[PDB]
Amino acid sequence: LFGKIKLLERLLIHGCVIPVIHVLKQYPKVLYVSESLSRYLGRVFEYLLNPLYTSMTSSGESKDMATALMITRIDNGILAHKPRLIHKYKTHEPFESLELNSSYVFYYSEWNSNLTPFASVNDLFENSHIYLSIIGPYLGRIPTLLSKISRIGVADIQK
Amino acid sequence: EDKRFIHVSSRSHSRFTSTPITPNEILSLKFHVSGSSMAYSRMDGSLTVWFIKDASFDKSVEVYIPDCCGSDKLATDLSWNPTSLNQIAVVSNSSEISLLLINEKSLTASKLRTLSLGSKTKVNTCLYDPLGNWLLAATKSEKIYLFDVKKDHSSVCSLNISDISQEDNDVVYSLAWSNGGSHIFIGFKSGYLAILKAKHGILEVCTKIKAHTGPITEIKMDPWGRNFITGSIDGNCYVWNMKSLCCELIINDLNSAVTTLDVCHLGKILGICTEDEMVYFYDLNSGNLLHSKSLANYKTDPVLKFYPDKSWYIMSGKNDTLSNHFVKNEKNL
Amino acid sequence: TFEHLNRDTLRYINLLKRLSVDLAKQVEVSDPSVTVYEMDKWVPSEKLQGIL
């Protein structure tokens, strides 16, 4: 709860990846300690790959921003058609939530400006010896990231 | 929060000393988005539409009618129209797509039209658009149709099922409109999830993914448009988000097959009804298996349905057939 | 006259963020193609804005 391990996983929530990679190559058995230190090397890697993944599986996900639409709350008496009202709050937890009436977005909105997404395949075969050799057999806790790398690989042979 | 009993003639049937079978069966139940009507359907009984104005349930009994869709065939599902409050698109089993009107001033029900496109073997699925601008009538045997409602009920295009998948004679168990009204999510027999583009009048498939290895029983949608939840004949009930079309949660509570899925209008509780007469509730935003309640139902087949306006709990499952309505269930013990 | 100046500079700052009376945000919806609304970018009418 308190100490170095909380420091080492609060630096991954914001943006600071270069010190944490330098630590976890010195002492690799800093994992098996907290299960939360593997979920935050997955949220960084999911940002660098989501522009890539939506380009190969393009026309499905391009219509899936047209699929992601909400129901409009109508009235019975005068036959109205009204949309929904949300609120935007700021918290300290990195993963996005959505309550009964409000959304919870991360407060530090410029967290990703150090990082850069990459090109088609010749960087994904280069940015994986760095990041995915740290969490080697630990992508089983991030099961969505294991699908998005393999859905690239089937859509790369078909293309 | 108190137990209050539902007052139809099904409670009078069981209260008498009638031995063999008091009501018979329930075929379909659909809500209009206004959240004051009901389409309570039976097998050989009555399709009873309801209109209760202010009280909980003890205000008035509206209408029961056996001879509504005729006297020889049955109705698979009753689609309500989002545009017209007085319109319910009932599709009979063999060859009838009739369109009925209801009257509040009189104890009757009149019919506006009965349109039919020929060589109709068996249409079992009819459902309008969430905005009410299309009607996709889909057979489980040959092909899927597409009509309109805003001008009239006129055909535009149709697609044959064998162009979607290519394995065998597959049955279409359940399909669901998208939430924008622009896509079709259809559920096959061998566990295929195919996505069809239905913008205005063109019907073309986008992609097909292998959800699991069983008949995909139900497909529901989230009112905030983030994800969609599927069911199975296995124990699997995945939660697939829409921006990436991958899986997020897994409800692995494999004690039986899955029959009925519902969500809430806020999108919090997922209600799963299995085949061992056991119901569950879960959470969507929270972790995988975090129950709020489990309830043992009696010996007969129940049904589960959620209101579109406010969270009120409709179950069935009395001694032969009766519905139960649980009032003020924000905590549920 | 300087000790009366900084006393009223604080009262000016205490009237811009901390008391700060706002309008009664009444929702106005015309386009059925947005399906969602946030109550942080509601801009009022121009005949009410130019008076204010």
# chains A, B, ... in the order shown; residues from 1 in each chain; ligands from 1

$ closest_atom_pairs --of "chain C" --to "chain B" --cutoff "10 Å" --atoms "only C-alpha atoms" --output "CSV"
residue,atom,partner,partner_atom,distance
C:33,CA,B:180,CA,9.2
C:35,CA,B:180,CA,9.2
C:36,CA,B:224,CA,9.1

$ write_last_selection --atoms "N, CA, C and O atoms" --output "CSV table (one decimal), in the first residue's frame"
chain,number,residue,atom,x,y,z
C,33,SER,N,-30.1,13.8,-33.6
C,33,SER,CA,-29.0,13.0,-34.0
C,33,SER,C,-27.8,13.0,-33.1
C,33,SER,O,-26.7,12.6,-33.5
C,35,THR,N,-28.2,12.4,-29.4
C,35,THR,CA,-28.6,11.4,-28.4
C,35,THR,C,-28.0,11.5,-27.0
C,35,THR,O,-28.2,10.6,-26.2
C,36,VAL,N,-27.1,12.5,-26.8
C,36,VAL,CA,-26.5,12.7,-25.5
C,36,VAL,C,-26.2,14.2,-25.3
C,36,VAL,O,-26.1,14.9,-26.3

$ residues_around --residues "residue A:32" --least-positions-apart "3" --cutoff "12 Å" --atoms "only C-alpha atoms" --output "PyMOL selection string"
chain A and resi 5+27-29+35-38+135+137-138

$ closest_atom_pairs --of "chain A" --to "chain B" --cutoff "12 Å" --atoms "only C-alpha atoms" --output "JSON lines"
{"residue": "A:46", "atom": "CA", "partner": "B:244", "partner_atom": "CA", "distance": 11.2}
{"residue": "A:49", "atom": "CA", "partner": "B:244", "partner_atom": "CA", "distance": 11.5}
{"residue": "A:50", "atom": "CA", "partner": "B:244", "partner_atom": "CA", "distance": 8.5}
{"residue": "A:51", "atom": "CA", "partner": "B:244", "partner_atom": "CA", "distance": 10.9}
{"residue": "A:52", "atom": "CA", "partner": "B:244", "partner_atom": "CA", "distance": 11.7}
{"residue": "A:53", "atom": "CA", "partner": "B:244", "partner_atom": "CA", "distance": 8.5}
{"residue": "A:54", "atom": "CA", "partner": "B:244", "partner_atom": "CA", "distance": 7.8}
{"residue": "A:55", "atom": "CA", "partner": "B:244", "partner_atom": "CA", "distance": 11.5}
{"residue": "A:56", "atom": "CA", "partner": "B:244", "partner_atom": "CA", "distance": 11.9}
{"residue": "A:57", "atom": "CA", "partner": "B:244", "partner_atom": "CA", "distance": 9.4}
{"residue": "A:58", "atom": "CA", "partner": "B:244", "partner_atom": "CA", "distance": 10.6}
{"residue": "A:59", "atom": "CA", "partner": "B:206", "partner_atom": "CA", "distance": 8.2}
{"residue": "A:60", "atom": "CA", "partner": "B:206", "partner_atom": "CA", "distance": 6.6}
{"residue": "A:61", "atom": "CA", "partner": "B:243", "partner_atom": "CA", "distance": 6.4}
{"residue": "A:62", "atom": "CA", "partner": "B:243", "partner_atom": "CA", "distance": 8.9}
{"residue": "A:63", "atom": "CA", "partner": "B:183", "partner_atom": "CA", "distance": 8.7}
{"residue": "A:64", "atom": "CA", "partner": "B:243", "partner_atom": "CA", "distance": 5.9}
{"residue": "A:65", "atom": "CA", "partner": "B:243", "partner_atom": "CA", "distance": 6.6}
{"residue": "A:66", "atom": "CA", "partner": "B:180", "partner_atom": "CA", "distance": 7.0}
{"residue": "A:67", "atom": "CA", "partner": "B:180", "partner_atom": "CA", "distance": 5.8}
{"residue": "A:68", "atom": "CA", "partner": "B:225", "partner_atom": "CA", "distance": 4.7}
{"residue": "A:69", "atom": "CA", "partner": "B:225", "partner_atom": "CA", "distance": 5.0}
{"residue": "A:70", "atom": "CA", "partner": "B:224", "partner_atom": "CA", "distance": 4.9}
{"residue": "A:71", "atom": "CA", "partner": "B:223", "partner_atom": "CA", "distance": 5.5}
{"residue": "A:72", "atom": "CA", "partner": "B:223", "partner_atom": "CA", "distance": 8.7}
{"residue": "A:73", "atom": "CA", "partner": "B:309", "partner_atom": "CA", "distance": 7.9}
{"residue": "A:74", "atom": "CA", "partner": "B:34", "partner_atom": "CA", "distance": 6.6}
{"residue": "A:75", "atom": "CA", "partner": "B:34", "partner_atom": "CA", "distance": 6.2}
{"residue": "A:76", "atom": "CA", "partner": "B:34", "partner_atom": "CA", "distance": 5.1}
{"residue": "A:77", "atom": "CA", "partner": "B:34", "partner_atom": "CA", "distance": 8.9}
{"residue": "A:78", "atom": "CA", "partner": "B:34", "partner_atom": "CA", "distance": 10.7}
{"residue": "A:79", "atom": "CA", "partner": "B:34", "partner_atom": "CA", "distance": 8.6}
{"residue": "A:80", "atom": "CA", "partner": "B:34", "partner_atom": "CA", "distance": 10.0}
{"residue": "A:81", "atom": "CA", "partner": "B:131", "partner_atom": "CA", "distance": 9.9}
{"residue": "A:83", "atom": "CA", "partner": "B:224", "partner_atom": "CA", "distance": 11.1}
{"residue": "A:84", "atom": "CA", "partner": "B:224", "partner_atom": "CA", "distance": 9.1}
{"residue": "A:85", "atom": "CA", "partner": "B:224", "partner_atom": "CA", "distance": 11.1}
{"residue": "A:86", "atom": "CA", "partner": "B:224", "partner_atom": "CA", "distance": 10.4}
{"residue": "A:95", "atom": "CA", "partner": "B:285", "partner_atom": "CA", "distance": 10.9}
{"residue": "A:96", "atom": "CA", "partner": "B:285", "partner_atom": "CA", "distance": 9.7}
{"residue": "A:97", "atom": "CA", "partner": "B:285", "partner_atom": "CA", "distance": 7.1}
{"residue": "A:98", "atom": "CA", "partner": "B:285", "partner_atom": "CA", "distance": 7.4}
{"residue": "A:99", "atom": "CA", "partner": "B:285", "partner_atom": "CA", "distance": 8.5}
{"residue": "A:100", "atom": "CA", "partner": "B:266", "partner_atom": "CA", "distance": 6.0}
{"residue": "A:101", "atom": "CA", "partner": "B:266", "partner_atom": "CA", "distance": 8.3}
{"residue": "A:102", "atom": "CA", "partner": "B:266", "partner_atom": "CA", "distance": 11.0}
{"residue": "A:103", "atom": "CA", "partner": "B:224", "partner_atom": "CA", "distance": 11.2}
{"residue": "A:141", "atom": "CA", "partner": "B:248", "partner_atom": "CA", "distance": 11.7}
{"residue": "A:142", "atom": "CA", "partner": "B:248", "partner_atom": "CA", "distance": 9.7}
{"residue": "A:143", "atom": "CA", "partner": "B:248", "partner_atom": "CA", "distance": 8.1}
{"residue": "A:144", "atom": "CA", "partner": "B:247", "partner_atom": "CA", "distance": 6.4}
{"residue": "A:145", "atom": "CA", "partner": "B:246", "partner_atom": "CA", "distance": 9.3}
{"residue": "A:146", "atom": "CA", "partner": "B:246", "partner_atom": "CA", "distance": 10.1}
{"residue": "A:147", "atom": "CA", "partner": "B:246", "partner_atom": "CA", "distance": 7.2}
{"residue": "A:148", "atom": "CA", "partner": "B:246", "partner_atom": "CA", "distance": 7.9}
{"residue": "A:149", "atom": "CA", "partner": "B:246", "partner_atom": "CA", "distance": 11.5}
{"residue": "A:150", "atom": "CA", "partner": "B:246", "partner_atom": "CA", "distance": 11.5}
{"residue": "A:151", "atom": "CA", "partner": "B:246", "partner_atom": "CA", "distance": 9.7}

$ interface_residues --of "chain C" --to "chain A" --cutoff "10 Å" --atoms "only C-alpha atoms" --output "PyMOL selection string"
chain C and resi 27-40

$ residues_around --residues "residue C:24" --least-positions-apart "2" --cutoff "12 Å" --atoms "only C-alpha atoms" --output "PyMOL selection string"
chain C and resi 21-22+26-27+39+42-44

$ atom_distance --atom1 "atom CA of residue B:149" --atom2 "atom CA of residue B:28"
22.2 Å

$ residues_around --residues "residue A:90" --least-positions-apart "5" --cutoff "10 Å" --atoms "only C-alpha atoms" --output "number ranges by chain"
A: 103-109

$ select_by_dssp --residues "chain C" --states "alpha helix (DSSP H)" --output "list in words"
residues 5, 6, 7, 8, 9, 10, 11, 12, 13, 46, 47, 48 and 49 of chain C

$ atom_distance --atom1 "atom CA of residue B:44" --atom2 "atom CA of residue B:77"
14.1 Å
